[PDB]
Amino acid sequence: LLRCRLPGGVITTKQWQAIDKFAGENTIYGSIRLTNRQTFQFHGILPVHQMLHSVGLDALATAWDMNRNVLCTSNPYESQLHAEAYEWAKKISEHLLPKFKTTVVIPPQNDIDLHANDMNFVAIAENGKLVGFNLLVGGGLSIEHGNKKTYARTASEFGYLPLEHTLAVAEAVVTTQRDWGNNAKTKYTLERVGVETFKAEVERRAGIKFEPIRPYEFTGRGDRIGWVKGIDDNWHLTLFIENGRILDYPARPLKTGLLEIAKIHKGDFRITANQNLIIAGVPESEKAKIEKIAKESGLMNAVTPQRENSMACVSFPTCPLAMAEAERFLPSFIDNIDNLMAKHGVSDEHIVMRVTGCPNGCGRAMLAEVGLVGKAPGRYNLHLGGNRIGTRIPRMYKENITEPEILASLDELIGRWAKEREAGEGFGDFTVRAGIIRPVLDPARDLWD
Ligand code: SRM
Ligand code: SF4
Ligand SMILES: [K+]
């Protein structure tokens, strides 16, 4: 199991050129696949670690290392919090070097999908200056089909810590879960021993007491597609890449385009938790040159808001655990969803819609407004009623159905939403309000009907 350690998704252009060369020359599939944990993967490796080491990159020792890539909000609205937040994600990543998932999140963006993760540090400021974190623990999405002893769970608030406690807290949580783990994921341990019990042990091990939670709110999980103004005279260009799959396609040489950008770009790239890529820290005067290459390579091809907010996992052909197609199904599925949105006069809207190929849940369908969970070839469980910000697990609505059945249901439901929604009301929230699906309030107890 070759995935790269790459805290916060930050990769240099020299690193990019090396992985570009390796993917094209030394793999079956020839692609770079951006993952939804802000790193990249090669598929069908035909010297890989040698390649990574040659540009300062390492791969996680999966044989024994159960930590995974540490995420950090890629493109925060307050651009000046990124540097310090990233520094901490990197320090946490390095601290955890010898499964367990960690993020650093900058409100109001939940792009990193904190509720899918064991441990989450929510940035708090005073003065455009990072001062501490709220800690939320116990998220995780994997289930086993029909097994009511498994469940997706959101993360629970433990409390606030000043920056000086970050690494000790990180170590206390990871060791407490490893130790108390049976069903051995943090989410199960937390439910078994109780939140207060786990929290008290983390406090003991880290030598701290958590302070009261400090105010935070999330407004969305999407990337900021296109150009955004950064700090000073810098600009960030986020490129939508369908499924994060970087390969040259007819009329759309995505891989060649990114290589050419890497050769002239003065800053770094950032891989996002939505499987997209940011050309980060472009000076204003270099925007036109970068945009020209991107546009000409198909990297800036316009898609609907819906497509920008849809995601799938890898699934077939490379995943040995796959039950139904996900990545390969998504583009045509979303063509069909775009048709439904247009049919109903909501083409400018979006529904956070995700497809995962089996119930392990890598595509993060169990935090979607509409989630499809693979059950068998061509068949998915349809879940409804998550929200845009990703703080609620969607209950199963229809089990083990095919694409035409899914499309007929969504036609009806999207049609109702378009006509009946309140101002700014998301599809997921609407399905709950209209009594189409019951919400999940306490997943360990009420996820399963
Ligand atoms: C690439 C990625 C999906 C994507 O399209 O982006 C992915 C791909 C796979 N995941 Fe994952 N997971 C990916 C994010 C996730 C996430 C979402 C997240 O972390 O944000 C989850 C759900 C959250 C969670 O962990 O609860 C996830 C939960 C799993 C699980 C279930 C673990 C569990 O708690 O039960 C497995 C199965 C296992 O470990 O036994 C798994 C196993 C796998 C494997 C390695 C299959 C395997 O064990 O042999 C997949 C390889 C497919 C392939 O051919 O590339 N992966 N996987 C993600 C890589 C992230 C990374 O860089 O590390
Ligand atoms: S959800 Fe299942 S099919 Fe999809 S990548 Fe993860 S393990 Fe493979
Ligand atoms: K994407």
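As the structure lists them, so they are numbered: ligands from 1, and atoms in each ligand from 1. Positions are given from 1 along the sequence.
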Give me the residue, atom name and distance of the protein heavy atom closest to [atom].
atom                    : value
atom 1 (C) of ligand 1  : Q41 OE1, 3.5 Å
atom 52 (C) of ligand 1 : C319 CB, 3.7 Å
atom 59 (C) of ligand 1 : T35 CB, 3.5 Å
atom 1 (S) of ligand 2  : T356 OG1, 3.1 Å
atom 2 (Fe) of ligand 2 : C358 SG, 2.3 Å
atom 18 (C) of ligand 1 : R37 NH1, 3.6 Å
atom 54 (O) of ligand 1 : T318 OG1, 2.7 Å
atom 16 (C) of ligand 1 : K101 NZ, 3.2 Å
atom 26 (O) of ligand 1 : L141 N, 2.8 Å
atom 4 (Fe) of ligand 2 : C313 SG, 2.3 Å
atom 6 (Fe) of ligand 2 : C362 SG, 2.2 Å
atom 8 (Fe) of ligand 2 : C319 SG, 2.3 Å
atom 58 (C) of ligand 1 : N36 OD1, 3.6 Å

Any heavy atom of [X] sitting closer than 4.0 Å to ligand 1?
X    : answer
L321 : yes
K99  : yes
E327 : no
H43  : yes
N69  : no

Mark up the atoms of ligand 1 that fall under 4.0 Å of a heavy atom belonging to [X], in ascending order.
X    : value
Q275 : 4 (C), 5 (O), 6 (O)
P320 : 49 (O)
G361 : 22 (C)
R33  : 4 (C), 5 (O), 6 (O)
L1   : 45 (C)
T39  : 62 (O)
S142 : 26 (O), 31 (C), 33 (C), 34 (O), 35 (O)

### Query
Knowing that exactly one of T12, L258, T13 qualifies, which makes a side chain to side chain contact (heavy atoms under 4.5 Å, CB included) with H265?
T13
### Distance filter under 4.0 Å to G361 heavy atoms, resulting ligand 2 atoms
1 (S)
### Task
Using the side-chain hydrogen bond (donor to acceptor under 3.5 Å, both in side chains) rule, take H95 and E171 through it: C-alpha gap first, then chi angles, then the decisive distance, then the call.
CA-CA 8 Å; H95 196 63; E171 177 180 334; 3.1 Å; yes
### Task
Name the orientation class of the two ring planes belonging to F22 and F42 (parallel below 30°, tilted from 30 to 60°, perpendicular beyond 60°).
tilted
Check ion pair [X]-[Y] (N to O, under 4.0 angstrom):
X    : Y    : answer
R364 : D113 : yes
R205 : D179 : yes
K149 : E144 : no
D118 : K101 : no
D65  : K99  : no
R379 : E405 : yes
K90  : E87  : no
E291 : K287 : no
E260 : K263 : yes
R392 : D429 : yes
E191 : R445 : yes

### Query
Does atom 21 (C) of ligand 1 have a protein non-hydrogen atom under 4.0 Å from it?
yes
### Query
Within 4.0 Å of atom 40 (O) of ligand 1 (strictly less), any protein heavy atom?
no
Would you say [X]'s side chain and [Y]'s backbone share a donor-acceptor pair under 3.5 angstrom?
X    : Y    : answer
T431 : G428 : yes
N69  : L6   : yes
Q306 : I351 : yes
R354 : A312 : no
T39  : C4   : yes

### Query
Any nitrogen or oxygen of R364, main chain or side chain, under 3.5 Å from a nitrogen or oxygen of ligand 1?
yes
### Message
Check contact between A326 and ligand 2, using heavy atoms of the residue and a distance below 4.0 angstrom.
### Response
no
### Task
Please state whether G363 comes within less than 4.0 angstrom of ligand 2, counting heavy atoms only.
no
### Task
Name the option, out of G140, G363, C362, that contains the heavy atom nearest to atom 2 (C) of ligand 1.
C362
### Query
Where on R3 is there a heavy atom closer than 4.0 Å to ligand 1, on the side chain, on the backbone, on both, or on neither?
side chain
### Summary
Note: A312, heavy atoms under 4.0 Å from ligand 1, region reported as backbone
